[PDB]
Amino acid sequence: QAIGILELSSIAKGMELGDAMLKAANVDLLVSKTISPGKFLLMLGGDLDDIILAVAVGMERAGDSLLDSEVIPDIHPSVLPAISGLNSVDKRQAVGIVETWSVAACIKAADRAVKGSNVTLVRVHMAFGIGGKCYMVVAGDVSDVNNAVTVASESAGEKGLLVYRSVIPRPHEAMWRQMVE
Amino acid sequence: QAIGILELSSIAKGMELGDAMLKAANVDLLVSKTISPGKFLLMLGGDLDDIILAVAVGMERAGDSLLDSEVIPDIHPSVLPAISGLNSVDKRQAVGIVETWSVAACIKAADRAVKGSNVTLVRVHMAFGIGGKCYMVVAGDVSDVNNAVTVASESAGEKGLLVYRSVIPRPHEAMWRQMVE
Amino acid sequence: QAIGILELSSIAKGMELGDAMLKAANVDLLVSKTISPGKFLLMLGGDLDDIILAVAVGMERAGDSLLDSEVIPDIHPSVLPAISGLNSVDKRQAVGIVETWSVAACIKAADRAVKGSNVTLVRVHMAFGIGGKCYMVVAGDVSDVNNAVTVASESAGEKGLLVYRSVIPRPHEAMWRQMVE
Amino acid sequence: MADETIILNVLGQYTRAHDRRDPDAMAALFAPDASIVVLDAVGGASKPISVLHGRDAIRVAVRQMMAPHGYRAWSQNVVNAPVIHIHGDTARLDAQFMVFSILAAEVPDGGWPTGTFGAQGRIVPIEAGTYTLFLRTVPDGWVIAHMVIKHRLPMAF
Amino acid sequence: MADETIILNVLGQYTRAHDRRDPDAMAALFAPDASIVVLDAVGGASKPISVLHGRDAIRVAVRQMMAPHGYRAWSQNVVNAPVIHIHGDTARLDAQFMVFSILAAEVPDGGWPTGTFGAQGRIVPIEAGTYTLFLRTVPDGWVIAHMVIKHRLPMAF
Amino acid sequence: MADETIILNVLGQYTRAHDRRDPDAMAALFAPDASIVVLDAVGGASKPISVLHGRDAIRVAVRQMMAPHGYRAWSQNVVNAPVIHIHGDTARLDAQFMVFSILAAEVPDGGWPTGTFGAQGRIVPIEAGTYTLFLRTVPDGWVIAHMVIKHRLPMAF
Amino acid sequence: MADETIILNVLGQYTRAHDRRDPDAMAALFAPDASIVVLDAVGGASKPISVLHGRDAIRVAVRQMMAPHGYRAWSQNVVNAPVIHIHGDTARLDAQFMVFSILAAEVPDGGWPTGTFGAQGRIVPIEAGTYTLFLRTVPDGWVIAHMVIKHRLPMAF
Amino acid sequence: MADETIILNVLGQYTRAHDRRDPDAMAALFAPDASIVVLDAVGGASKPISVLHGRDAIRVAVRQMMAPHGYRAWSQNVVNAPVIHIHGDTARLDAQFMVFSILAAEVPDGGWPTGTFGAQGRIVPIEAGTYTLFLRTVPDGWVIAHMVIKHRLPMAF
């Protein structure tokens, strides 16, 4: 129900913390990838008290390798499978895209979109790191999607970190094959 | 047959134009990949009138997100399957590589190589796309490849000398796979 | 039928080459003036093979005094008397002026104007050196002049070295007394 | 001079060429391989009208597709609300345009009546829409590499 | 990009939002606590018309107070003669505006008559006045912190 | 501030002075020895109309030669398509102008009818042409050292 | 890198291709309008031998004017004593060249006779003279725009 | 221009004056107080051959120590393998030299025998050794202040 983020400046140090955080709290490994160049991104999920403990363990054990840390509390549980992978969408429906500037604001946008509408949060992508360009993809009825993008645009522009918002009813076969897949 | 290239500075805007351009004319979508630091690459192919109209719709509908737009006219239809595909269905004995400094020159140099002889273009790879040092792989015999490699170097060298050229008469099964990979 | 140009950085060295080039090929001295400050301009005319030989002789004998060289091949023979001096125009008629940026593009413009129209190429002037502002003057019927300026504007703007184009039907007595004279 | 000033001067000189009906002056503003894509846009549409490619197609599309000014008539292509974004060696210019018809009333032989005092003629708007320009850098300054014209009135021919 | 260019782009994008009737796009140009003070000014006056406070009051004042574009009609808020003074982290922009009504004539089913050749429609000015903007600096660029609109035609509701 | 911005502000403030009929404000924009040369230009001509020399001749040419605004009427000198070239301590500004007549309809004593909803008045173009300004540098900013006005409608007096 | 080093590398690539008998790499060093003037220099004279003009004449010259090596044959174009003078975007290169023929002896049966040391073959000088190059800057270094080859020995055709 | 290239140009102009037998151009490369020490070092040591001191002594040396070529005769002083150490305004260049003799064969009757290719003459090396120069800094350029010539072969003039 909460997400903790750790950005390390050493790949070996990141794999060390991933073993230390998983063996100190009941947390789940959402993502664990190497952000170019020479950086490591570690995101966990689960209960807030288990996340604050996991972040605290890795925060001191990081030494000088820590670059940034952030804990996102109280998110809907359906946002977790959207970060670690894809949520399979059977129906075509409509698609909305919300591109933000920080992965913290992207998850907070994906939370208020899920908690406020009956859309299917497809995926939450992040090319760079915690401060790189991110975008969330939702699928559902044109009314559900247009409201999910409206609320997700507020939680991004409120911080001032909204890049662009888009709603695409009836996506072309070449585009729905790429946003959802 | 022509090629239309579009570069956007945001992923959400790029996938919105990729749908708006496919609904503006009868065009085929070639490449729609993401390039760091968060830019997008839209390449289309088809009739020259449908491509310019697609670029036209993609140009106005881009706003400040547009970074580069270019239309490459009068291109042999055999060049389109090399992009977002492979011509490995034909024979073997792949010979010749040409590495330009931009993709616009790599497509122009690939078209002049088809008009030179019967040498078959296996693929036209890329990296940073418009600015990347995209290369072209040829399959043919030594007598026809050297002329095809030369005209591609003169095509690139007409504006900026290509990175390097090659011959490679006999493809040791190691290097052959990588060229057609 | 061809023009060779030599720009020297020493007046004494230029007078040395003028004797060496005139005594090594059947070339004619079109102009030989001192371009300010401390520079010398040497232009020859005649057959192409005699010009390439004359330029080659002065090119090696120039030593370090050479600043730039250029051979303009295949020009109409009537452009030669227009560079060394004036072509006497009896009729008033109309006057056209084509101002270019390089003396190479000015002669190439004066060539396509003569070869394409029945105008009388008055003079080809050059205040500075081979890269300084130049302008050609033509006189004839308003139809001949308007076409001669049109073609001369192409051969200048094609390189991108066109300054300004002008056609003056019925020039005032004070102006025809200055362009032609 | 400033980059934004040079780009806006390209748009201003396009208006002077559009009103003077000068095909040589207008084609000089475009790259040799530029493309004008006139699009109809009444009702948020993008139906094509006329697509030109190259300077040669642009020059001929000024002698035709554009009524030659006759008698004592002129035009004023009012370019309004310019928005311009520059991205290094490329830039995009967006503006709104309205074309006004200018007709000069004939001056009486004996002279104007003593009662009249203002400008004597007729001015009426004809066309309206938006220009969108894509410019690339050139040793001189900027040139138009691509342009689309959205007409918000139904164009007939 | 230049400061004056960014500020003029705010005014240009306000025109695009005013003609498209896009309340989301227009409210994004203002600060969260901006104030629009529409004032009547026929005869050098300053009688109040409508005062809006905040983005929320601005969004709703686009759905209302502004006739929804219907059928084949559009507008062009011609912004003319901009004057801009910058004082560090703040700036003031002053411009003149005219709103033009655009009505598209119905295209006949069988097609346009062979005799017609120009754009077929009606363009007529409706409103006129002056915009005065007070902008403050923002990490992105500039936003509108205050705006007054002086209408030189009697506004009715 | 930028040079091109200051020069365009001179043209914008000339419009505000032209519509307000403020001779003190307009003459302050010119050099003490400036010269306005109003030229007729219907048909690519250059027939002279009125030539003013100095600030004093400019001030009096605002009280006269310019109809005093009466009742509930105003004007908007729409300056369009500015082209500006700067050559060190001097610059040349070229623009197109259209003058619009604004007439305010009388408000009924009991109030506007319940059916009316838009702006109630009349707006009509009167004059059109081109302004060409030659500006020199001044410790404050820029001033107008010379100006020619080409009217494309026959001017009567 | 150093401009003097790039020009010397152009001369080195000329000699490396002069022995390889490569016409493609040869003409790649010249401008599309480059002209080569080979002339006899026995006794300080300057009678013309060959006047090549353009890359086409240069490529064909490599096909005809020089013969490809036989089996176990090679050559070395020893260039020495260079004098460089750079004037902005242009430069001139003057150097002394001398061509040596190289022939290799076949290995008899299995190997050389027992007690054989050193190389086995012939190295004989054949040609000698002076090169003179005129180079122009390109976006990727320098190219040859004019070359004068003087031979101190008579050439047989 | 780089100093190393200027130093190499002095050496390049030395070999050209040496082959051309130019006494005025030879001593022009030397300071009026320079001293040239020619010595023999077949196996080693420094057997003094000649110690010419003075700019005029260098001019006389060309007219005496080296004989003019003659009809269809020439030479090429191939200098190579240069090492340069600047270390202040007084640099030191050291290079190996090898003098070649060039004789040209007369064209028989009305041309060479049918099928003859290449150059026709004799090219044989005659001298070899090492040059050692010490150059100071003349106001514009560099000049030679001392030179040591070690011959690997005994001179018998």
# chains A, B, ... in the order shown; residues from 1 in each chain; ligands from 1

call {"tool": "interface_residues", "arguments": {"of": "chain E", "to": "chain A", "cutoff": "10 Å", "atoms": "only C-alpha atoms", "output": "MDAnalysis selection string"}}
result
chainID E and resid 24 28 32 139:140

call {"tool": "calpha_fit_rmsd", "arguments": {"fixed": "chain C", "moving": "chain B"}}
result
1.1 Å

call {"tool": "residues_around", "arguments": {"residues": "residue 65 of chain B", "least_positions_apart": "4", "cutoff": "12 Å", "atoms": "only C-alpha atoms", "output": "VMD selection string"}}
result
(chain A and resid 163 to 164) or (chain B and resid 6 to 14 16 to 17 38 to 41 58 to 61 69) or (chain D and resid 85 to 87 91 to 92)

call {"tool": "closest_atom_pairs", "arguments": {"of": "chain H", "to": "chain G", "cutoff": "9 Å", "atoms": "only C-alpha atoms", "output": "Markdown table"}}
result
| residue | atom | partner | partner_atom | distance |
| --- | --- | --- | --- | --- |
| H:1 | CA | G:86 | CA | 7.4 |
| H:2 | CA | G:4 | CA | 8.3 |
| H:5 | CA | G:84 | CA | 7.0 |
| H:6 | CA | G:84 | CA | 8.1 |
| H:8 | CA | G:83 | CA | 7.1 |
| H:9 | CA | G:83 | CA | 4.8 |
| H:10 | CA | G:83 | CA | 8.2 |
| H:11 | CA | G:81 | CA | 7.2 |
| H:12 | CA | G:81 | CA | 4.7 |
| H:13 | CA | G:83 | CA | 7.5 |
| H:15 | CA | G:81 | CA | 7.3 |
| H:16 | CA | G:81 | CA | 8.6 |
| H:70 | CA | G:43 | CA | 8.4 |
| H:71 | CA | G:43 | CA | 6.9 |
| H:72 | CA | G:43 | CA | 5.6 |
| H:73 | CA | G:43 | CA | 7.3 |
| H:74 | CA | G:152 | CA | 7.3 |
| H:75 | CA | G:152 | CA | 8.9 |
| H:76 | CA | G:96 | CA | 7.8 |
| H:77 | CA | G:81 | CA | 8.6 |
| H:78 | CA | G:80 | CA | 6.2 |
| H:79 | CA | G:81 | CA | 6.1 |
| H:80 | CA | G:80 | CA | 6.3 |
| H:102 | CA | G:152 | CA | 7.6 |
| H:103 | CA | G:153 | CA | 7.5 |
| H:104 | CA | G:153 | CA | 5.2 |
| H:105 | CA | G:154 | CA | 7.3 |
| H:106 | CA | G:154 | CA | 8.1 |
| H:107 | CA | G:154 | CA | 7.9 |
| H:111 | CA | G:156 | CA | 8.5 |
| H:112 | CA | G:156 | CA | 6.7 |
| H:113 | CA | G:156 | CA | 9.0 |
| H:114 | CA | G:157 | CA | 8.5 |
| H:115 | CA | G:157 | CA | 7.5 |
| H:116 | CA | G:156 | CA | 5.7 |
| H:117 | CA | G:156 | CA | 4.8 |
| H:118 | CA | G:156 | CA | 5.3 |
| H:119 | CA | G:155 | CA | 4.6 |
| H:120 | CA | G:154 | CA | 5.9 |
| H:121 | CA | G:153 | CA | 6.3 |
| H:122 | CA | G:126 | CA | 7.8 |
| H:123 | CA | G:125 | CA | 6.2 |
| H:124 | CA | G:125 | CA | 7.7 |

call {"tool": "atom_distance", "arguments": {"atom1": "atom CA of residue 100 of chain G", "atom2": "atom CA of residue 62 of chain G"}}
result
17.8 Å

call {"tool": "interface_residues", "arguments": {"of": "chain A", "to": "chain B", "cutoff": "10 Å", "atoms": "only C-alpha atoms", "output": "list in words"}}
result
residues 96, 97, 98, 99, 100, 126, 127, 128, 132, 133, 134, 135, 136, 137, 163, 164, 165, 166, 167, 168, 170, 171, 172, 173, 174, 175, 176, 178 and 179 of chain A

call {"tool": "residues_around", "arguments": {"residues": "residue 90 of chain H", "least_positions_apart": "2", "cutoff": "6 Å", "atoms": "only C-alpha atoms", "output": "VMD selection string"}}
result
chain H and resid 88 135 to 136

call {"tool": "write_last_selection", "arguments": {"atoms": "N, CA, C and O atoms", "output": "compact mmCIF listing (two decimals), in the first residue's frame"}}
result
# COMPACT_ATOMS: atom_id res chain seq x y z
N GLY H 88 62.00 26.90 -24.85
CA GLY H 88 62.29 28.32 -24.87
C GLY H 88 62.33 28.87 -26.29
O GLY H 88 61.93 28.22 -27.25
N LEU H 135 68.31 26.76 -33.81
CA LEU H 135 67.60 27.92 -34.32
C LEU H 135 67.16 28.82 -33.18
O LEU H 135 66.58 28.34 -32.19
N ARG H 136 67.43 30.12 -33.32
CA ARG H 136 66.91 31.13 -32.42
C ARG H 136 65.60 31.67 -32.99
O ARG H 136 65.06 31.13 -33.96

call {"tool": "select_by_dssp", "arguments": {"residues": "segment 70-156 of chain G", "states": "strand (DSSP E)", "output": "MDAnalysis selection string"}}
result
chainID G and resid 73:87 90:104 121:138 141:151 155:156

call {"tool": "residues_around", "arguments": {"residues": "residue 147 of chain F", "least_positions_apart": "4", "cutoff": "9 Å", "atoms": "only C-alpha atoms", "output": "VMD selection string"}}
result
chain F and resid 34 to 38 131 to 135

call {"tool": "write_last_selection", "arguments": {"atoms": "C-alpha atoms", "output": "mmCIF file, in the first residue's frame"}}
result
data_model
loop_
_atom_site.group_PDB
_atom_site.id
_atom_site.type_symbol
_atom_site.label_atom_id
_atom_site.label_comp_id
_atom_site.auth_asym_id
_atom_site.auth_seq_id
_atom_site.Cartn_x
_atom_site.Cartn_y
_atom_site.Cartn_z
ATOM 1 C CA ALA F 34 11.559 64.335 -37.362
ATOM 2 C CA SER F 35 9.658 64.313 -40.655
ATOM 3 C CA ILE F 36 6.390 62.509 -41.414
ATOM 4 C CA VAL F 37 5.744 62.145 -45.154
ATOM 5 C CA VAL F 38 2.207 60.887 -45.769
ATOM 6 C CA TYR F 131 3.998 52.439 -41.820
ATOM 7 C CA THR F 132 7.756 52.693 -42.380
ATOM 8 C CA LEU F 133 9.834 54.045 -39.498
ATOM 9 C CA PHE F 134 13.499 55.060 -39.305
ATOM 10 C CA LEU F 135 14.659 55.170 -35.682
#

call {"tool": "residues_around", "arguments": {"residues": "residue 124 of chain B", "least_positions_apart": "5", "cutoff": "9 Å", "atoms": "only C-alpha atoms", "output": "PyMOL selection string"}}
result
chain B and resi 79+82-86+103+106-107+110+134-137

call {"tool": "write_last_selection", "arguments": {"atoms": "C-alpha atoms", "output": "PDB file, in the first residue's frame"}}
result
ATOM      1  CA  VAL B  79      13.793   0.026 -48.636  1.00  0.00           C
ATOM      2  CA  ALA B  82      14.420  -3.122 -44.362  1.00  0.00           C
ATOM      3  CA  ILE B  83      13.146  -0.646 -41.762  1.00  0.00           C
ATOM      4  CA  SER B  84      11.228  -2.360 -38.934  1.00  0.00           C
ATOM      5  CA  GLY B  85      11.973  -5.716 -40.520  1.00  0.00           C
ATOM      6  CA  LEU B  86      14.535  -7.874 -42.274  1.00  0.00           C
ATOM      7  CA  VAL B 103      19.438   8.484 -40.762  1.00  0.00           C
ATOM      8  CA  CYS B 106      21.385   6.543 -44.574  1.00  0.00           C
ATOM      9  CA  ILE B 107      18.029   6.318 -46.365  1.00  0.00           C
ATOM     10  CA  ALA B 110      20.384   3.178 -49.374  1.00  0.00           C
ATOM     11  CA  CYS B 134      22.616   4.578 -38.561  1.00  0.00           C
ATOM     12  CA  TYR B 135      24.153   1.945 -40.832  1.00  0.00           C
ATOM     13  CA  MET B 136      23.076  -0.188 -43.786  1.00  0.00           C
ATOM     14  CA  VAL B 137      23.858  -3.859 -44.451  1.00  0.00           C
TER      15      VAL B 137
END

call {"tool": "closest_residue", "arguments": {"among": "G:53, G:47, G:146, G:59", "to": "residue 25 of chain G", "atoms": "only C-alpha atoms"}}
result
G:59

call {"tool": "atom_distance", "arguments": {"atom1": "atom CA of residue 47 of chain C", "atom2": "atom CA of residue 2 of chain C"}}
result
5.6 Å

call {"tool": "select_by_dssp", "arguments": {"residues": "segment 32-128 of chain B", "states": "helix (DSSP H, G or I)", "output": "PyMOL selection string"}}
result
chain B and resi 48-60+63-65+79-82+103-116

call {"tool": "decode", "arguments": {"residues": "segment 40-56 of chain D", "atoms": "N, CA and C atoms", "output": "tab-separated table (two decimals), in the first residue's frame"}}
result
chain	number	residue	atom	x	y	z
D	40	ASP	N	-8.16	22.44	-45.32
D	40	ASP	CA	-9.44	22.96	-44.87
D	40	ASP	C	-9.67	22.54	-43.42
D	41	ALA	N	-10.26	23.44	-42.63
D	41	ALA	CA	-10.37	23.19	-41.20
D	41	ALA	C	-11.65	23.76	-40.61
D	42	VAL	N	-12.73	23.82	-41.39
D	42	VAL	CA	-14.02	24.25	-40.86
D	42	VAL	C	-14.62	23.09	-40.08
D	43	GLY	N	-14.64	23.21	-38.75
D	43	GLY	CA	-15.14	22.15	-37.91
D	43	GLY	C	-14.05	21.23	-37.39
D	44	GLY	N	-12.88	21.80	-37.09
D	44	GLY	CA	-11.79	21.02	-36.52
D	44	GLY	C	-11.33	19.88	-37.40
D	45	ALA	N	-11.38	20.07	-38.72
D	45	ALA	CA	-11.05	19.03	-39.67
D	45	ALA	C	-9.63	19.22	-40.19
D	46	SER	N	-9.25	18.35	-41.13
D	46	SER	CA	-7.94	18.43	-41.78
D	46	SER	C	-8.03	17.90	-43.20
D	47	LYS	N	-9.13	18.19	-43.88
D	47	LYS	CA	-9.31	17.74	-45.25
D	47	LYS	C	-8.35	18.49	-46.17
D	48	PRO	N	-7.60	17.80	-47.02
D	48	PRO	CA	-6.60	18.49	-47.85
D	48	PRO	C	-7.25	19.35	-48.92
D	49	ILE	N	-6.54	20.42	-49.29
D	49	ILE	CA	-6.99	21.34	-50.33
D	49	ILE	C	-5.98	21.34	-51.46
D	50	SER	N	-4.74	21.75	-51.16
D	50	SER	CA	-3.68	21.81	-52.16
D	50	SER	C	-2.34	21.63	-51.46
D	51	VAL	N	-1.51	20.74	-52.00
D	51	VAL	CA	-0.19	20.46	-51.45
D	51	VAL	C	0.85	20.80	-52.51
D	52	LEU	N	1.73	21.73	-52.19
D	52	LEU	CA	2.80	22.15	-53.08
D	52	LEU	C	4.14	21.62	-52.56
D	53	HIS	N	5.03	21.30	-53.49
D	53	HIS	CA	6.34	20.75	-53.15
D	53	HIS	C	7.40	21.46	-53.98
D	54	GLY	N	8.31	22.16	-53.30
D	54	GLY	CA	9.40	22.85	-53.96
D	54	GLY	C	9.08	24.30	-54.28
D	55	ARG	N	10.15	25.04	-54.60
D	55	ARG	CA	9.99	26.45	-54.95
D	55	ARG	C	9.22	26.61	-56.26
D	56	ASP	N	9.47	25.73	-57.23
D	56	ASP	CA	8.81	25.84	-58.53
D	56	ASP	C	7.30	25.71	-58.39
